[PDB]
Every structure is written in C-alpha cells, then in structure tokens.
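Trainee: only the shape, not the letters, is given here:
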C-alpha cells in the first residue's frame, strides 16, 4: 500500500486491520487495470458492469 | 456437554443420574425443546484468532 497511492479501500464482513493482521490459510491477490473513474461499479454489493 | 454445558468435579464422590417421568407427575412442566450449547469462545480484537 505504501508503494502505491490509496484511492479507495472498501471491505465487507472484514476490517482493514483484520485483513492486514489476521493470519489466513492462503491469501489470494488479484490485480487489474481499474481506473478511478468507474469506482461506483467496483464494489462487493454492487450491480455495475 | 462437558466442555461448554455441564461439568462435574473429579475431586469429590460425584454420582450421576439420568431419569424420565413418563406421565404421572404432572407437577413438572415440559420444555419446548432441548437446548445445549456447543460453541462458546471469546473473540479478541485479533480478528478471528479465537
């Protein structure tokens, strides 16, 4: 997160400290080219394209 | 039952009874269902380190 610049950080059923501190069985990291212009459609409880 | 629900003491002569009242003693009233606790744990701020 320090390497990049934070623009949006939204989570469901979990807190930022929970994901950043809790130990997990195996973390899955997905990255993609997502512009900030369509932030209304990148959400867990969203119906965007 | 033992680890969350009901425990006896090893340090004493504890004896155990299981009984049933078929019909006669109407003085006792029956419950709706049997409820027994299976999980009881304290969740710290450590976020699922339980």
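Mentor: Perfect, thanks for sending it. Numbers count the residues shown, from 1 in each chain, chains lettered A, B, ... in the order given.

Trainee: what about whichever residue of chain A sits closest to chain B, which SS state?
Mentor: With C-beta to the nearest C-beta, the shortest gap between chain A and chain B falls at residue A:18, namely 3.6 Å. For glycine as for every other residue, the C-beta is placed from the backbone atoms N, C-alpha and C. At residue A:18 the chain is in helix, as set by DSSP: H, G, I helix; E, B strand; the rest coil.

Trainee: could you check how far it is from residue A:42?
Mentor: 20 Å (C-beta to C-beta, to the nearest Å).

Trainee: measure the residue of chain A closest to chain B to residue A:43 for me?
Mentor: 18 Å.

Trainee: need the residues of chain B near chain A, please.
Mentor: For chain B, the residues found near chain A under the criterion C-beta under 8 Å from any C-beta of the partner chain are B:46-49.

Trainee: between these, which is nearest residue B:8?
Mentor: Of all the residues of chain B next to chain A, residue B:8 sits closest to residue B:49, with 31.2 Å by C-beta to C-beta.

Trainee: burial measure for residue 33, as a count.
Mentor: You didn't pick a chain, so chain A it is. 4 (other C-beta atoms under 10 Å in any protein chain shown).

Trainee: you answered for a different chain; I wanted chain B.
Mentor: So residue B:33, with other C-beta under 10 Å, has 5 neighbours.

Trainee: circling back: neighbour count winner among residue A:18 and residue A:43?
Mentor: residue A:18 (15 against 12).

Trainee: gap between the nearest residue to that one once chain neighbours are set aside and residue A:2?
Mentor: Spatially, and ignoring its direct neighbours in sequence, residue A:18 is nearest to residue B:47 (3.6 Å; C-beta to C-beta, 6 or more residues apart in numbering or on different chains). Relative to residue A:2, residue B:47 is positioned 21 Å away (C-beta to C-beta).

Trainee: give me the more crowded residue out of the two.
Mentor: For the pair residue B:47 and residue A:2, the greater number of neighbours falls to residue B:47 (16 against 5), based on other C-beta under 10 Å.
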